[PDB]
Amino acid sequence: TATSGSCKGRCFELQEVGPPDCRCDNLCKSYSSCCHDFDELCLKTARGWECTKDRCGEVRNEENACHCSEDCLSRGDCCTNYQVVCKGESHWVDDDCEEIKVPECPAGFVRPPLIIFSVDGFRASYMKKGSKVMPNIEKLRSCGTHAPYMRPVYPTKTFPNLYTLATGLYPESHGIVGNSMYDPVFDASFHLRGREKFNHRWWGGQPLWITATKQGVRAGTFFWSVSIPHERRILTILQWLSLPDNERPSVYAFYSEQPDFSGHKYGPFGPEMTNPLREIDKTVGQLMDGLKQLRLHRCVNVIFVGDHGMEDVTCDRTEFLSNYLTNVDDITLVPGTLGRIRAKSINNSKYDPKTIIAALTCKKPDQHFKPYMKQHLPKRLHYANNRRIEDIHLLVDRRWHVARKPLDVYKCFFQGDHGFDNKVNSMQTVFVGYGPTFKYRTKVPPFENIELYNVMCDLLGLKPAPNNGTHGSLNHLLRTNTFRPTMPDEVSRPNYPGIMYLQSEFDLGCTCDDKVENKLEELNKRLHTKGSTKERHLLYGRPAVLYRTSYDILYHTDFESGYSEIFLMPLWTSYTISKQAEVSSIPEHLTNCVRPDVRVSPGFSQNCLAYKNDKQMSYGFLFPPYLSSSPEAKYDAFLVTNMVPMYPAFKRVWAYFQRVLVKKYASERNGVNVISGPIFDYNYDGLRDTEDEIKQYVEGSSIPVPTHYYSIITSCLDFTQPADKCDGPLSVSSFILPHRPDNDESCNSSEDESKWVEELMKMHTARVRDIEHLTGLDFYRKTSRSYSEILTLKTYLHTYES
Ligand SMILES: *[C@@H]1O[C@H](CO)[C@@H](O[C@@H]2O[C@H](CO)[C@@H](O[C@@H]3O[C@H](CO[C@H]4O[C@H](CO)[C@@H](O)[C@H](O[C@H]5O[C@H](CO)[C@@H](O)[C@H](O)[C@@H]5O[C@H]5O[C@H](CO)[C@@H](O)[C@H](O)[C@@H]5O)[C@@H]4O)[C@@H](O)[C@H](O[C@H]4O[C@H](CO)[C@@H](O)[C@H](O)[C@@H]4O[C@H]4O[C@H](CO)[C@@H](O)[C@H](O)[C@@H]4O)[C@@H]3O)[C@H](O)[C@H]2NC(C)=O)[C@H](O)[C@H]1NC(C)=O
Ligand SMILES: Cc1cc(OCc2ccc[nH]c2=O)c(C(C)(C)C)cc1C#N
Ligand SMILES: [Ca+2]
Ligand SMILES: [Ca+2]
Ligand SMILES: [Cl-]
Ligand code: NA
Ligand code: NA
Ligand SMILES: [Zn+2]
């Protein structure tokens with residue numbers, strides 16, 4: 001760096017100048033490449049940040065940090081309280097809220113600017129608990145659009161979440177999978193301290209600033225060096241906003257290190273946390289008074305958003321891997337509020353992940369972490385498809401840390417930390433949107449931060465890069481600039497087979513004790529097989545298959561299915577269970593009954609002999625025989641086309657769900673519609689596998705083994721109306737259960753299923769959208785609700801947090 005060039009006239013330049021030209025962009029400090037006069041010219045502090053009565057009308061002194069001279073407004077460099085002190089104006093916070101129906105912008109503005117005001121570690125409950133000391137933030141919240149909280153991504157660390165905000169992508173896809181990382185392809189490490197993190201190969205997808213630039217929209221900096229004070233960041237944004245039309249950015253970011261920085265020292269609610277919340281509110285006040293001076297307070301859209309929350313965590317709540325593993329020196333641990341383990345040396349072929357996992361599994365009765373192979377982590381975390389995520393993972397209980405050995409912790413510092421499971425209440429953060437494009441005095445339900453990129457694009461008239469948001473699911477936040485998506489087109493149409501095969505054409509090794517015999521009821525069963533009860537069991541239309549495949553719709557009295565000729569089982573099975581439905585047992589005459597389905601060829605059917613031969617694998621049913629409507633309808637549940645491969649350990653889970661939980665939910669929700677099916681995700685990318693990706697078959701057969709089983713349980717949001725006769729909005733909960741040959745995940749699994757199955761299911765709660773990705777199906781195609789509302793419904797996650 002030739003650092004005796006000047007920053008005069010160039011302070012906080014938007015464009016980067018290449019070596020040996022010295023730099024005056026912020027970031028110069030982060031590279032140690034600023035020109036000599038950077039601090040003198042760009043970080044002025046003289047006289048501080050506020051006008052006082054004596055400064056009003058002063059002669060401009062270019063040394064001052066900000067100005068109270070007559071020419072300051074035109075120049076765009078007044079202290080933010082100038083009109084208040086010197087012209088009798090009110091602070092923005094003291095003005096009444098008035099609806100912003102249209103942007104009220106200076107001539108020459110082509111679109112309302114967007115300012116993203118991001119706050120590190122701002123936990124959701126600060127909005128209520130700190131309300132008395134945050135009056136500017138409370139005005140934004142109550143006058144704008146707000147959610148009770150926003151869900152971060154896992155891990156609930158800073159860079160993964162800020163870069164998710166910027167890209168709309170899960171960490172596995174954007175590549176910033178932690179605050180610390182090793183990439184084995186690069187053979188390089190990423191760390192908070194130091195400068196390898198500024199190398200661009202870490203940062204995937206397309207962040208908002210690049211999306212904007214590529215489409216002709218200019219952007220302010222998103223990264224502020226820690227040594228630039230907050231007052232200067234605000235004044236710099238306000239100066240940029242005063243630029244001529246051809247130079248002025250349309251998108252800006254502010255970032256505060258608080259309240260996270262203090263939260264780590266004092267805990268989320270330590271008495272020392274009041275002051276950092278006050279100071280953040282003051283900074284919001286400075287921005288809003290500043291905008292108001294420039295006549296931009298009813299022109300700019302402001303987003304107030306956090307990256308993650310903060311939980312109580314101390315030194316003594318640390319689990320040590322040295323208390324579980326004798327081999328502790330042969331591993332590397334990425335430690336703290338999550339654990340990631342790999343071999344210390346890849347030339348040590350002694351190292352075995354399976355034995356590590358087993359040494360870490362259910363060893364102490366209140367063990368405060370749980371080991372997983374990354375592919376077995378709850379699918380809702382989307383935390384697996386990246387080479388920077390180690391195969392072995394530890395999910396740490398809230399309030400705890402994991403470390404390799406005690407010397408790492410003592411060689412206590414801190415009372416707060418974050419990083420845990422993104423459904424944990426303490427990790428939830430905030431969202432407020434204020435401006436012409438957001439709604440007025442509107443509360444919206446909680447949503448995930450992956451959704452915001454799309455909205456920021458909508459706010460700026462940009463087409464978003466491909467991302468993991470569901471574009472349109474946040475249309476309810478917006479007064480205008482909504483995105484009006486169309487339902488995806490069905491790719492494969494189904495076959496509707498009638499009766500085509502005689503019983504004796506099947507040689508499947510299956511038996512059913514079913515030989516006993518009317519004319520009223522003969523027409524009656526024909527009609528059920530033609531789909532006469534289908535409006536009862538298929539409430540929201542049939543799911544659309546969004547890929548090329550061969551499948552059949554099969555109708556029955558109690559359930560309807562889309563049966564895949566390729567995978568030899570249903571892609572989906574749909575049924576409604578009323579509040580009044582009863583549970584019956586599987587009779588003795590049918591215990592091992594499997595019956596040929598005369599609508600589907602032997603060639604496209606499973607067979608019982610494969611299951612007899614496969615000593616590890618059994619079978620279950622997608623529509624549960626326990627909930628058949630009548631003894632005669634129960635025969636349908638034993639069709640070979642309703643059978644699916646299940647490990648005996650998984651059958652314990654599944655049978656409990658089907659026999660007990662479904663009926664419980666129907667009683668609690670006033671009927672439920674259930675859609676169940678298999679998922680195949682052998683490469684753990686979160687997306688439906690093709691046939692050539694399947695790694696396990698039922699021994700000796702072409703019957704593929706699912707990695708997971710899903711269910712989507714829908715009812716009326718107004719639970720006074722039965723599921724099958726609902727006029728208004730829907731209510732959903734779903735899960736994606738791992739199809740595992742043991743129950744090692746559940747430490748209490750030797751006990752009765754009433755003590756552990758439900759806890760397992762809650763852990764593996766899912767969005768309907770997660771299931772769509774995993775199956776290539778599109779659900780809720782035929783409702784009376786608006787498509788945007790259905791999109792919101794498909795992104796809902798039932799979290800089971802109290
Ligand atoms: C969340 O949203 C995102 C974004 O929509 C979804 O991720 C996308 O998934 C797509 C479907 O899998 C995927 O498409 C592939 O792209 C390959 C080209 O990719 C490069 O270019 C794009 C576009 O600019 C870029 O986005 C990519 O960026 C990734 O990689 C860089 C460099 O490593 C990273 O810095 C960055 O973080 C990002 O990493 C992530 O994605 C990759 C996979 O692409 C993962 O491996 C990482 O772990 C991380 O998750 C790239 O720079 C393209 O090569 C693929 O095409 C193959 O497949 C078919 C087969 O028929 C064929 O048409 C092609 O010819 C090709 O096949 C041949 O190559 C095969 C693979 O080597 C080979 O095995 C075969 O034998 C064949 O010869 C494919 O189209 C898209 O790139 C990503 N995008 C991103 C940003 O991740 C994600 O799925 C969503 N999640 C959920 C749950 O919904
Ligand atoms: C609002 C925002 C801020 C932001 O960084 C703020 C930042 C972090 C650490 C030190 N200093 C800072 O200024 C980023 C990254 C990707 C550049 C980290 C993205 C967004 C978005 N969207
Ligand atoms: Ca943070
Ligand atoms: Ca897959
Ligand atoms: Cl990390
Ligand atoms: Na078997
Ligand atoms: Na167990
Ligand atoms: Zn932190």
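Residue indices begin at 1 and follow the sequence shown. We count ligands from 1, going down the list as the structure has it; atoms in each ligand are counted the same way.
Put simply, atom 16 (O) of ligand 1 has no protein non-hydrogen atoms near it, under 4.0 Å away. The presence of a protein heavy atom under 4.0 Å from atom 39 (O) of ligand 1 is confirmed. For atom 68 (C) of ligand 1, the protein comes within 4.0 Å by no heavy atom at all. In this structure, atom 10 (C) of ligand 1 is not in close contact with the protein, since no protein heavy atom lies within 4.0 Å of it. Within the 4.0 angstrom cut-off, atom 88 (C) of ligand 1 has one or more protein heavy-atom neighbours. In this structure, atom 48 (O) of ligand 1 has a protein heavy-atom contact shorter than 4.0 Å. For atom 76 (O) of ligand 1, no protein heavy-atom neighbour is present inside the 4.0 Å cut-off. Within a 4.0 Å radius of atom 24 (O) of ligand 1, the protein contributes no heavy atom.
Contact atoms of ligand 1 toward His773: 93 (C), 94 (O) (distance under 4.0 Å to a heavy atom of the residue). Of all atoms in ligand 1, numbered sequentially from 1 with element shown, those under 4.0 Å from a heavy atom of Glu172 are 49 (C), 50 (O). Atoms of ligand 1 found under 4.0 Å from any heavy atom of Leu169, numbered from 1 in the order shown, are 2 (O), 3 (C), 4 (C). Annotation for ligand 1: atoms under 4.0 Å from non-hydrogen atoms of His174 are 37 (O).
Taking any N or O of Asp685, backbone or side chain, none lies under 3.5 Å from an N or O belonging to ligand 1. Below 3.5 Å of separation, one finds an N or O of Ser173 facing an N or O of ligand 1. At a 3.5 angstrom cut-off on N or O pairs, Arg201 does not count as close to ligand 1.
Screening residues 161-205 for disulfide bond (SG atoms under 2.5 Å apart) gives no qualifying pairs among residues at least two apart or on separate chains.
Looking from atom 34 (C) of ligand 1 to the surrounding protein, the closest heavy atom is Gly204 CA, 4.6 Å. In terms of protein heavy-atom proximity, atom 12 (O) of ligand 1 is closest to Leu687 CD1, 4.2 Å. Protein heavy atom in closest approach to atom 4 (C) of ligand 1: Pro466 O, 3.6 Å. Nearest to atom 33 (O) of ligand 1 among the protein's heavy atoms is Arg387 NH1, 4.2 Å.
A side-chain hydrogen bond (donor to acceptor under 3.5 Å, both in side chains) with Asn449 holds for exactly one of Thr429, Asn161, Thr164, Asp307; it is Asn161. For the pairing with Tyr154, the ring pair (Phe, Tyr, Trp, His ring centres under 6.0 Å) check across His393, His308, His418 returns one residue only, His393.
Here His418 reaches the Zn ion (ligand 8): one of its N/O/S atoms is less than 2.8 Å from the metal. Here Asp260 meets the criterion, with an N, O or S atom under 2.8 Å of the Zn ion (ligand 8).
Considering each of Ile389, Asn468, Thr470, the one bringing a non-hydrogen atom nearest atom 2 (O) of ligand 1 is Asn468.
In this structure, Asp183 pairs ionically with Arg388, as a charged nitrogen and a carboxylate oxygen lie closer than 4.0 Å. A salt bridge links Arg380 to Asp421: at least one charged side-chain nitrogen sits closer than 4.0 Å to a carboxylate oxygen.
Rounded to the nearest 0.5 Å, atoms CG (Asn481) and SG (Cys457) are 11.5 Å apart. Note that OG1 of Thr211 and OH of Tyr453 are 2.5 Å apart. Values are rounded to the nearest 0.5 Å.
Both cation-pi conditions hold for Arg387 and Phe186: the charged atom is under 6.0 angstrom from the six-membered ring centre and inside a 45 degree cone around its axis. Taking the ring axis of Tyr780 as reference, the NZ or CZ atom of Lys794 does not stay both within 45° of it and closer than 6.0 Å to the ring centre.
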*When you look at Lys282 and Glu279, which way does the salt bridge (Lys or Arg N to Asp or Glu O under 4.0 Å) test go after all the steps?*
CA-CA 5 Å; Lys282 176 170 210 195; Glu279 289 305 281; 5.2 Å; no

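Contact between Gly472 and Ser788 at its shortest, heavy atoms only, is O-OG, 3.4 Å.
Two rings, from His739 and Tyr709, have their centers less than 6.0 Å apart. Between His476 and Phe447, the ring centre distance reaches or exceeds 6.0 Å.
Among the heteroatoms counted here (N, O or S) of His264, NE2 is the one nearest to the Zn ion (ligand 8).
Legend: residues meeting ring-ring contact (aromatic ring centres under 6.0 Å, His included) with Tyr684, ordered by chain and number and at least two apart, are absent.
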